[PDB]
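Chains A and A' supply the protein sequences, listed in that same order. A prime marks a further copy of an entry chain.
If you read the first sequence in PDB author numbering, its first letter stands for residue 1, the second for the next number, and so on.
If you read the second sequence in PDB author numbering, its first letter stands for residue 1, the second for the next number, and so on.
By construction, the Cβ of each residue, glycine as well, lies at the ideal position given by its N, Cα and C atoms.
To start, the structure under review is shown below, and the notes come after it.
2 protein chains.
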Amino acid sequence: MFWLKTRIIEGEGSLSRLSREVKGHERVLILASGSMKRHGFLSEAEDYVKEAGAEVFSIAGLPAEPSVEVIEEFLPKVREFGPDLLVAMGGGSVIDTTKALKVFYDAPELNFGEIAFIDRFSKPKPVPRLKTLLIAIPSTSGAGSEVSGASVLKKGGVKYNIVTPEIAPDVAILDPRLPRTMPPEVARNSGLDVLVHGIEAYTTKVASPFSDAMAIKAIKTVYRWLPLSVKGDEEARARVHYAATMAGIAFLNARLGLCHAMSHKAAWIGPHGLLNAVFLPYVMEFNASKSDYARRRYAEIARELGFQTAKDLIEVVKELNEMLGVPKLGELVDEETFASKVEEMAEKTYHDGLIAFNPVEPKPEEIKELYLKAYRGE
Amino acid sequence: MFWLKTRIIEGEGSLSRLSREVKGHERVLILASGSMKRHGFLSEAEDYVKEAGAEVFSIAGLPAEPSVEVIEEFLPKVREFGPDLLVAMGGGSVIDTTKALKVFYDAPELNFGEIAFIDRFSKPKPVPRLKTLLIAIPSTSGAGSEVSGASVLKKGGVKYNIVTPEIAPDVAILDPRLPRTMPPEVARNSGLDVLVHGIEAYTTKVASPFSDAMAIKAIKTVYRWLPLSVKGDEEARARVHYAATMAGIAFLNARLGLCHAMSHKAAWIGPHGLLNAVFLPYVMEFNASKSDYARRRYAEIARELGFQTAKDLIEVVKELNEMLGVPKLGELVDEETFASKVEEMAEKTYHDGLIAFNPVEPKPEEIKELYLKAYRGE
Ligand SMILES: Nc1ncnc2c1ncn2[C@@H]1O[C@H](COP(=O)(O)OP(=O)(O)O)[C@@H](O)[C@H]1OP(=O)(O)O
Ligand SMILES: Nc1ncnc2c1ncn2[C@@H]1O[C@H](COP(=O)(O)OP(=O)(O)O)[C@@H](O)[C@H]1OP(=O)(O)O
């Protein structure tokens, strides 16, 4: 299918639209990153909420890696306030944290381990109706959590997923002023996450014309604008910001692929968006070598960028990575350590449900060989 | 903003998904075109509904030009059956008819003249909550009514509009088998409607990146595939079918423009999609002459099609019209008659609320001159 729950508000100054969006709600809770507080954006959001006649309470300074345990720490405060509207302001992790909070707040009867999943050998129960409106306000460009029905967080040190349309945000507000405060490396990494989301969404087994429309526009936009953006160009930051959400609309519908999976299993090495960028060329090469469908799809993307072939697309991504100063795997982690982890990462990758949507189903050995090839870095 | 209420089901054989979609509903009413009945598609839809355990009742053979009076004729039968789900199967007009039925069925207390509008001097009341689920199944490619919140119909011989998210369909099913039965001229005209919707949506004052993504994909698809489709190529018919809905998603959000308005005011001359095709080159020329914004936007579309300039885009559309055998205005209607109607059409165009979204606000005289220029046909 193709669907989109979230209503998207976008444009310069569009944070102020929060006043209109909270109309009819009296008690607004905002979870925000430390950076949203420091830059004064949290106080602006609070001001916009109070303009509309609501009371507001904010919890700022959330851990970068969300966890059930930390959410359980402030859940009592949330229940004491009793919001009828939730706002997430910050990166993907802040949105993920707020999505999980929504589940716990709206359905306190649920057992976490019964509704979340670790991998394809989990069997989660479906989440029931979750009534509290959720507004997502991304400050990075970006993970696309502001339109997805997915959240990732730890419990007991282990990484879990929750996926349901019940936590896809009702509203996303895309005000490019917020991502203009990303430091350069965050702009680079989150930008490359957009590119990899787009390219993977375009080549899954369940891509539609409708998801493709969004994936192709996101890819073109990042390709043209990300380097200017990383160096602080104000318009480029806006263009890439909207592109991040486009890629989110794409992968919400088309899912993601082997690159996202391998990147997540290698997260100990460094930032997702960066590891995605490093692995993508190798994933594209692998997929094209084993699937004429994938090769043809990569060539279609190449033609949208002004080239011809799958090979061109792989070379374009590699050169963009260099332009943006993305390191080789070798420069992030030493051979001994990598080789010691490669087996478990390849198995955990193989155990990821996303593999089913990749245009090729890889064997654990192939994935292991793939990790090793990316490490050798040629 | 950007939003999409409708969930889109698309693909070969996807009419059978109706069984899944009627789950939880016991009484399904289907409004269908004569052609849907004759080709056996109505009986298939009925079969799919009965599979799911529901009862079904169908009203087939709807007038091509919907009217309140004709809807009021079969409303008693509808109320007697008491559907909890409505299905529209056919062209844009069948979907429009079913949307209006939904209003009358769900909110029988409303006065038609108080909630519908004729032009910008109307002041309609907002439509309240309309609860009955609506599934739209287009057989042409197409008007985009399957994703819009709009309906057009006559009352007392006068053309009215109803626009509310309450009549945007809950679900659209896009099964390319249905539009493969369009005759060639209907495939041509509805196809050119897609192209004009896309180009207008791309150049309104409220276009966003998100609507653009859909508009650009629709434009490219029609340009590449419509001529093959009109001659009966099965894959081309599928590609253009999905493109029609993309253009609908675009104009749902970005609105339409001077071409749609002038075409509707000249409907006495012939089929909408065709009149749209004839007028577009002249509208694009006008808009580009008065707006550097429009000119630049037309050049962006040109570059997506493999060219450079606004002038290129105007020449591309003109040559596509010739390839498809679209006539000159002169060959549809004689000069005396045209000149006698030109004043009222230009005034009624000027009185259309859509004019506000066109990148240029034209004067009644300019619109009159524009109609005359298109008639001279150079
Ligand atoms: N607009 C912004 N200004 C400054 N720093 C920002 C920022 N957006 C994100 N960051 C930083 O960039 C990092 C990435 O945040 P994240 O982990 O949510 O990213 P992602 O969106 O990929 O999930 C964080 O360390 C964040 O700092 P805070 O936790 O203190 O907010
Ligand atoms: N799939 C199909 N097979 C045959 N004729 C079709 C068709 N789809 C549309 N048409 C015809 O094409 C014409 C256009 O229908 P319409 O007015 O709903 O078009 P639109 O979609 O532009 O609103 C109608 O005369 C219709 O014939 P019926 O009214 O008898 O159905």
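Within chain A, no residue has its CB atom less than 8 Å from the CB of A'/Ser141, the nearest being about 13 Å off.
Taking the Cβ atoms as the reference, A/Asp170 lies roughly 7 Å from A/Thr6, within the contact range of under 8 Å.
Rounded to whole angstroms, the gap between the alpha carbons of A/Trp3 and A'/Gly377 is 43 Å. For the stretch 196–208 of chain A', residues whose beta-carbon sits nearer than 8 Å to a beta-carbon of chain A comprise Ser208. Between A'/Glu114 and chain A, the shortest Cβ-Cβ separation is not below 8 Å.
Shown here for A/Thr98: same chain residues with a beta carbon closer than 8 Å to its own, the five before and five after excluded, namely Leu31, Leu86, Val87, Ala88, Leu134, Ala136 in chain order.
Membership of A/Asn161 in the beta strand (DSSP E) is indicated by the continuous run 158–163. Across the set A'/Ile199, A'/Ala187, A'/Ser139, the C-alpha of A'/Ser139 shows the shortest separation from the C-alpha of A'/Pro176.
Listed along chain A', the residues sitting closer than 7 Å to A/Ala213 by beta-carbon distance are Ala213, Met214, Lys217, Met246. In the DSSP assignment, A/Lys154 is bridged to A/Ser67, A/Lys159.
Distances from the alpha-carbon of A'/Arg295 to those of A'/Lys37, A'/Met284, A'/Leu62, A'/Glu304 put A'/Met284 closest. Fewer than three Cβ pairs drawn from the stretch 227–239 of chain A and the stretch 251–262 of chain A lie within less than 8 Å of each other, which leaves the two stretches out of contact. When rounded, the separation of the alpha-carbon atoms in A/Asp352 and A/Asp119 is 5 Å. Inter-residue distance for A'/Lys311 and A'/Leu370 is about 17 Å (C-alpha atoms, whole angstroms). Taking a beta-carbon distance threshold of 8 Å, A/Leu4 counts as an interface residue toward chain A'. Pairing A/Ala100 with A/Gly40, the inter-Cα distance amounts to about 25 Å.
With three or more CB-CB distances shorter than 8 Å, the stretch 244–253 of chain A' counts as touching the stretch 211–218 of chain A'. Within the same chain, Cβ atoms closer than 8 Å to the Cβ of A/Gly13 are found at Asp175, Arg177, the five residues on either side in sequence being excluded. Assignment of beta-bridge partners to A'/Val56 by DSSP yields A'/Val28. Taking a cut-off of 8 Å on C-beta distances, the stretch 183–202 of chain A' touches the stretch 322–331 of chain A', as three or more cross pairs fall below it. Secondary structure at A/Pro138: strand, using DSSP grouped into helix, strand and coil. Residue side-chain check: A'/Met182 places its Cβ nearer than 7 Å to a non-hydrogen atom of ligand 2.
According to DSSP, A/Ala172 shares a beta bridge with A/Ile8, A/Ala136. Counted as a single uninterrupted DSSP element, the alpha helix (DSSP H) harbouring A'/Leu228 occupies residues 209–230. In the DSSP assignment, A/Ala88 falls within the unbroken beta strand (DSSP E) covering 85–90. Rounded to the nearest whole angstrom, the CA to CA distance from A'/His25 to A'/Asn111 is 29 Å. Annotation for A/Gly142: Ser190, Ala244 place their beta carbon closer than 6 Å to its own, counting only its chain and skipping 5 residues before and after. Per the DSSP secondary-structure output, A'/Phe338 pairs with nothing in a beta bridge. In this structure, the C-beta of A/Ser43 stays at least 7 Å away from each heavy atom of ligand 1. Annotated as distal: A'/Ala60 and A'/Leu18, with beta-carbon spacing of 8 Å or more. Between the alpha carbons of A/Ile71 and A/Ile269 lies a distance of about 26 Å. Residue environment analysis places A/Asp334 among the exposed positions, since fewer than 16 neighbouring C-beta atoms fall within 10 angstroms of its C-beta. The residues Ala236, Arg239, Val240, in chain order, have a CB closer than 7 Å to that of A/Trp225 in the same chain once the five nearest residues on each side in sequence are set aside.
Between A/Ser148 and A/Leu252, the CB-CB gap stays under 8 Å.
Per DSSP, the unbroken alpha helix (DSSP H) holding A'/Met284 starts and ends at 272–290.
Of the heavy atoms belonging to ligand 1, at least one sits nearer than 7 Å to the Cβ of A/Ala64.
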